[PDB]
Amino acid sequence: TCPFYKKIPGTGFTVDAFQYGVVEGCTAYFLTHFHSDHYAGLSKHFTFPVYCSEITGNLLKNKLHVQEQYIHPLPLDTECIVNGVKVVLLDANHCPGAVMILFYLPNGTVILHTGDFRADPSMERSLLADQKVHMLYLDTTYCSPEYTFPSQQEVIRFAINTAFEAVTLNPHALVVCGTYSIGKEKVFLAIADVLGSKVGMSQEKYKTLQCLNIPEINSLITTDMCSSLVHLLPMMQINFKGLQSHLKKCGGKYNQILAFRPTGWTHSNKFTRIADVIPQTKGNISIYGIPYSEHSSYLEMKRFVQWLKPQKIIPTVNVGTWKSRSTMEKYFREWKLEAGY
Ligand code: NI
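Residues numbered from 1 in each chain as written, not as in the entry; some residues may be left out. Heavy atoms only, no water. Residues with missing side-chain atoms left out of burial classes, pairs and counts.

(A) How the structure looks around the packing of aromatic side chains. Applying the stated rule across the entire model yields 21 aromatic pairs. Ring centres 4.9 Å apart and planes at 50 degrees place the aromatic pair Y142 and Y147 in the tilted group. Each of the two residues, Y142 as well as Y147, counts as buried. Taken together through their ring pairs, the aromatic side chains of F13, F30, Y51 and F103 make up a single cluster. Lying across the ring of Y104, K86 places its NZ or CZ 4.5 Å from the centre. (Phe/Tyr/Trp six-rings, centres within 6.5 Å; stacked < 30°, edge-to-face > 60°. Buried < 20%, exposed > 50% of the residue type's maximum accessible area, 1.4 Å probe, protein only. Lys NZ or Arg CZ within 6 Å of the ring centre and 35° of its normal.)

Written as structure tokens, this is what we have:
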């Protein structure tokens, strides 16, 4: 059964609610982004209207074979009417195609559903600036002050400089980047750009990236592994055994691997600066964990909410334990008292 925090009151609508069968009274199913915990349950047999971004729509049609007649793509930053209700999709600064959804209820209530997001001051000048929001359904993934991490730009600087140094010292080194979902494409595209290479990958991953409207993509990616010195591999294979095995397959073209695992937060964040990050090394293999996040830090989240001043907050992440829920509610109250709303 569908949990309450996936239902939008006063509407026929649900958000990211595809794993519960036919939801009673739902007339339109919104999908914020193509990540499996959110799309879980969609397939070619789905016959209700799905509302989403253009990019999410390309992925539904090509990867899950959802039929075209049930895919309803909406442009961003544009007022649209869905089953009698005005909605707007906003960029979520998450993965490609990820959106936040503004609903304008017929009684005058305005609701923002963030989906998954990385809050940014640039959001304070979107169509959110133009009216009051009463209820916020908030991505609280990292809602605790221990969660600090650098900007995406600092992380990419670290990765480009690390890769360019290693390959210039040893032109026979291979760079490998882990992946298991869409998102974080900048990691492998930035590194391939500094090295003058295309990114090589499986046919299935090439297909996925071809759905993303990224400019000049035919110029940056390929299925010909032999022509490429940046390879993408499943995240599970980014370990010493998996990488040793891959190096064997390259036919003596390379004699060293430098590999990157973009994680979210890890507790090495509480002690160490990005400058000071070091790899794990075994023989001719080194592995870097880099803290490239597509979710808000605690401070980014706090800034957004204190700017928005919602009347009520409904968390959508970490809702399963009483300790988590109590912790989150304490921070929301602090934020409200400090800012004065
Ligand atoms: Ni996500």
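(B) View of the sheet that holds strand 7 (residues 85–91). Ordered in space as 6-7-8-9-10-18, the six strands form an open sheet in which the pairing is mixed. For this open sheet the edge positions go to strand 6 (80–82) and strand 18 (312–315), each flanked by a neighbour on one side alone. The sheet shows a mean angle of 25 degrees between the axes of neighbouring strands, direction not considered. Pairing of strand 7 with strand 8 (residues 99–104) involves six bridges; the strand directions are antiparallel. Bridging across to strand 8, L89 finds its partner in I101. (Pairing = 2+ DSSP bridges. Helix = DSSP H or I, 4+ residues; strand = E, 2+ residues; numbered from the N terminus. Axes fitted to C-alpha atoms, helices over the stretch in contact; angles between N-to-C directions.)

(C) Structural detail: the domain arrangement of the protein. Annotation of the protein at the domain level lists domain 1 (1–147 + 296–341) and domain 2 (148–295). On a C-alpha basis, the centroid separation for the pair domain 1 and domain 2 is 30 Å. The partner domain 2 presents 20 residues to the 25 residues of domain 1 that form the contact. With six residues, helix 2 (residues 54–63) is the single largest residue contributor to the side of domain 1 that touches domain 2. Within the side of domain 1 that touches domain 2, the residues separate by chemical class into nine nonpolar, nine polar and seven charged. (Domains from an automatic or database assignment. Contact = heavy atoms within 4.5 Å. Nonpolar A, V, L, I, M, F, W, Y, C, P; charged D, E, K, R; others polar.)

(D) Structural context of the nonpolar core. Ranked by internal contacts, the top residues of the largest apolar core, which has 81 residues, are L42, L60, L112, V175, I191, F260 and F304. Ranked by the residues each element gives to this core, the list is headed by helix 3 (residues 152–169), at eight residues. Those residues in contact with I191, other than ones at most four positions away along the chain, are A159, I160, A163, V175, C177, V230 and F260. By size, the runner-up hydrophobic cluster in this structure holds 22 residues, among which are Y5, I8, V82 and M135. (Core = buried A, V, L, I, M, F, W, Y, C linked by side-chain atoms within 4.5 Å.)

(E) Fine view of the coordination of the nickel ion. Every protein donor of the nickel ion is listed here as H33 (NE2), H35 (ND1), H94 (NE2) and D116 (OD), and their distances to the metal cover 2.2 to 2.3 Å. Sequence spacing of the donors to the nickel ion: H-x1-H-x58-H-x21-D. Separated by 61 residues along the polypeptide, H33 in the loop between strand 3 (28–30) and helix 1 (36–39) and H94 in the loop between strand 7 and strand 8 bring together distant segments of the chain. As far as the burial class goes, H33 and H94 line up, both buried. (Donors = N, O, S within 2.8 Å, 3.2 Å for Na, K, Ca; no water.)

(F) Spotlight on helix 8 (residues 322–339). Between its first and last C-alpha, helix 8 extends 26 Å over 18 residues, near the 26 Å set by a 1.5 Å rise per residue. Within helix 8, burial applies to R325, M328, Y331, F332 and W335. In an axial view of helix 8, the angular spread of the buried residues amounts to 130 degrees, which keeps them on one side of the axis. Among the exposed residues of helix 8, those oriented more than 90 degrees off its buried face are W322, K323, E329, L337 and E338. On its buried face, helix 8 sits against strand 10 (135–138), helix 7 (298–308) and strand 18. In the segment just after helix 8, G340 is the residue with positive phi, at about 95 degrees. (Expected span 1.5 Å × (residues − 1). Arc of directions from axis to C-beta.)

(G) Structural context of the side chain of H231. Along the chain, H231 falls in strand 14 (residues 230–234). At 3.0 Å, the side chain of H231 forms a polar contact with the side chain of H246. Setting aside chain neighbours within four positions, we find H231 in contact with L174, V175, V176, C177, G200, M225, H246, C250 and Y254. (Polar contact = N/O pair within 3.5 Å; in protein donor to acceptor, adjacent residues only side chain to side chain.)

(H) Spatial organisation of the pattern of salt bridges. For the structure on display, the rule yields five salt bridges. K61 serves as the salt-bridge partner of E68, at 3.2 Å between the closest nitrogen and oxygen. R118 is the partner of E300 in a salt bridge, and the nearest nitrogen-oxygen pair spans 2.8 Å. Residue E300 is found in helix 7, and its partner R118 is found in the loop between strand 9 (110–113) and strand 10; the two are separated by 182 residues along the sequence. (Salt bridge = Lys/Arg side-chain N within 4 Å of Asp/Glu carboxyl O.)

(I) Layout of the packing of helix 3 against helix 4 (residues 185–195). Their axes nearest at 9 Å, the elements helix 3 and helix 4 cross at an angle of 40 degrees. The angle between helix 3 and helix 4 falls in the class oblique. Judged by the sense of rotation from one axis to the other, the crossing of helix 3 with helix 4 is right-handed. Between helix 3, through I156, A159, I160, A163, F164 and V167, and helix 4, the contact on the second element is made entirely by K186, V187, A190, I191, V194 and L195. By residue class, the composition of the contact of helix 3 with helix 4 is eleven nonpolar, no polar and one charged. (Parallel < 35°, antiparallel > 145°, perpendicular 65-115°, else oblique. Left-handed = near helix turned anticlockwise from the far one by under 90°.)

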